[PDB]
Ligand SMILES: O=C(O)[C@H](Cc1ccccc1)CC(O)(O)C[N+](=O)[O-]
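A single chain comes next, written as structure tokens; it is the form solved without the ligand.
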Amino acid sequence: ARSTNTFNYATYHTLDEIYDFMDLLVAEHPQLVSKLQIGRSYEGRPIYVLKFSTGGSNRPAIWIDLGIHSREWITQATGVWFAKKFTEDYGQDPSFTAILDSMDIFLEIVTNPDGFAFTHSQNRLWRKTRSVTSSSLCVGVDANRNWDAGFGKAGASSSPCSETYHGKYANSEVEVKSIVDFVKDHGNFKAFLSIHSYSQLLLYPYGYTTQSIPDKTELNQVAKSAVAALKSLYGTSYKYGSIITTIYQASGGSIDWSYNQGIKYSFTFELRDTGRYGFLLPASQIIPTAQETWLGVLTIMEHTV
């Protein structure tokens, strides 16, 4: 509300409230947080990224995006909690402090603004973007199947009306291209994490191919460690492994793209729960979900630094 200290972290918010939150956080911690606009959505909404940094020039960075699939509300809520957490733990938590003293963190809380606004206004379960094409009456593209990584291959639909439609061509969605352009221009990201829900899974590349990544041993142990850390708070059990062997083949995914760009620590989190509530996770589970997920994300960050 008037302060990030009065903001209700235990309830779901609208796009405007989340955008207001960002400005409050920056005004309160001008020396640590800055708000960057990396593009505009299909419907003209600004796409914001929060940069957490103690200084330096183009220091090694960590990318974290949430809400690429709009109906996965627990992600945007966790993103807001993360933003506040970073400001409270710097200078308090020895490990997190060391990380921020040497690396920058870029956080995109609402990766798909138009879809998010739509889930509040018309369809709570909408997941795609809101782009339109003359070739069909259906709207939107599955932003996590629109990346240039096995684009168009099995594990995505070529039908505009499909919930997993990949789009006319790779990076056709401005919400995706905005991230691609930013990360390529930056050129110094070491980790790339994309947050989703639900299933309680921690996955690494690849999803579009059966080929094993050359860093499988390391990423597999990092995942095992992150999952153990996350489970330590409430006993929440996660499974981990490559996308294709844990779930199924899926093309045009973001971490497959990032890994091919040379960003070794690329992981995807699928948060609570396992189906009881699914995408409609109770607000009472926001904080405990964010708390445990933080332990997992920090573990990965520690291995990155």
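Position 1 is the first residue in the sequence shown; the rest follow in order.
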item: Missing coords for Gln76 in a third or more of other PDB entries; value: no
item: Coordinates absent for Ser135 in a third or more of other entries; value: yes
item: Average Cα temperature factor in the PDB entry - higher stretch of 220-228, 87-95; value: 87-95
item: Per the entry, higher mean C-alpha B factor between 160-168 and 69-77; value: 160-168
item: Highest recorded Cα temperature factor - choice among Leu193, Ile213, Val174, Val183; value: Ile213
item: Candidate residues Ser41, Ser258, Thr268, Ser237, the one whose C-alpha B factor the record puts highest; value: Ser237
item: For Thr293, the third of its chain into which the C-alpha B factor falls; value: lowest
item: Third assignment of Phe189 from its chain's C-alpha B-factors; value: middle
item: Third of the chain's Cα B-factor distribution that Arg272 belongs to, per the entry; value: lowest
item: Where the record places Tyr48 (Cα B-factor, split into thirds across the chain); value: middle
item: Third of the chain, ranked by Cα B-factor, where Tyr206 sits; value: lowest
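Unshown form deposited with the ligand bound; subsequent notes refer to it.
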{"item": "Open or blocked: site for the ligand, pose in the bound PDB entry superimposed, 2.4 Å backbone/C-beta cut-off, 3-atom minimum", "value": "open"}
{"item": "Listed residue that, although the ligand is not shown, lies within 4.5 Å of it in the bound PDB entry (heavy atoms), from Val49, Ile243, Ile62, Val33", "value": "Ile243"}
{"item": "Proximity to the ligand in the bound PDB entry, single hit among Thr111, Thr129, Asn144, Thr78 (heavy atom within 4.5 Å)", "value": "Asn144"}
{"item": "Partner proximity in the bound PDB entry: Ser41 to the ligand, non-hydrogen atom cutoff 4.5 Å", "value": "no"}
{"item": "Partner proximity in the bound PDB entry: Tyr277 to the ligand, non-hydrogen atom cutoff 4.5 Å", "value": "no"}
{"item": "Any non-hydrogen atom of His69 within 4.5 angstroms of the ligand in the bound PDB entry", "value": "yes"}
{"item": "Residue contact check: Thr119 to the ligand in the bound PDB entry, 4.5 Å heavy atom", "value": "no"}
{"item": "Region of this chain that lies against the ligand in the bound PDB entry, out of 243-251, 33-41, 258-266, 51-59 [heavy atom, 4.5 Å]", "value": "243-251"}
{"item": "Those residues of 190-211 which, in the bound PDB entry, come within 4.5 Å of the ligand by heavy atom", "value": "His196, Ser197"}
